[PDB]
């Protein structure tokens, strides 16, 4: 019985798309990961225990002799003493702060935990913040809405087996976020030739012309989408739609309107 590193996974202000993304991993599949590689010790979406039994499981993990890594999905809503987001009668900010204090490392899965995400968009009625801001500690950020499981699982595995990966200015592993979406886009030759679709119904769009005039944020977005694809089959631009810039901090506000460059 080789001991498997303990992982505590918290859900704050989130849509669960990051959990869903993670379980699309195929190298390895999620069962192999949690049976052979990690000990996934708290995960609200799939854990058997509920209520006090679940809360007890969290505290058991947090007190584990061997320590644990923390994964955080979701931003933290801070208005009104953090009471607009609660689990087990405790503000999410309180529980996340507690879990983070003794974590071996903190991985923020998704743009929400990394940077604040959709609920932080203007006018931010819940006063949501990203984890690093809310806790005042450095986080390994795996952004995207959601990130590719290749990027999340690769980060987790890197962290448990190699150390902390080199991170960019925004906390993202350069292994996955070092290149612009645009620099790897198959439509780049059209961009270079000023061959842009003026609308989705246009013949230009049928011919696979560049989507920049239709708001594509590829040129300013760091991600590996066209290189690794999603679900082993596709990515947004391949499906004829501009990139929203979803791995960029505060993209809800910096990359909108989505169908324009203005």
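Residue numbers count along the first chain shown, from 1.
Novice: Quick check on the record: does 106 to 114 or 159 to 167 carry the larger mean Cα temperature factor?
Specialist: Averaging CA B-factors over each stretch, the winner is 159 to 167.
Novice: Mean C-alpha B-factor higher for 85 to 93, or for 132 to 140?
Specialist: It is 132 to 140.
Novice: Which one of 215, 64, 236, 219 shows the biggest C-alpha B-factor in the PDB entry?
Specialist: Highest C-alpha B-factor among the listed residues goes to 64.
Novice: Test of reading the entry: by CA B factor among the chain's modelled residues, which third contains residue 179?
Specialist: As the PDB entry reports it, the C-alpha B-factor of residue 179 lands in the middle third of its chain.
Novice: What third of the chain does residue 13 rank in for C-alpha temperature factor, lowest, middle or highest?
Specialist: Ranked within chain, residue 13 CA B lands in the lowest tercile.
Novice: For residue 31, return the chain-relative third of its C-alpha B-factor as stated in the PDB record: lowest, middle or highest.
Specialist: Middle third of the chain for residue 31's C-alpha B-factor.
Novice: Select lowest, middle or highest to describe the third in which the CA B-factor of residue 59 falls within its chain in this entry.
Specialist: Highest third - that is where residue 59 ends up once the chain's C-alpha B-factors are sorted.
Novice: Please rank the C-alpha B-factors of the chain's modelled residues and tell me whether residue 123 sits in the lowest, middle or highest third.
Specialist: Its C-alpha B-factor, which the entry lists for residue 123, ranks in the lowest third among residues of this chain.
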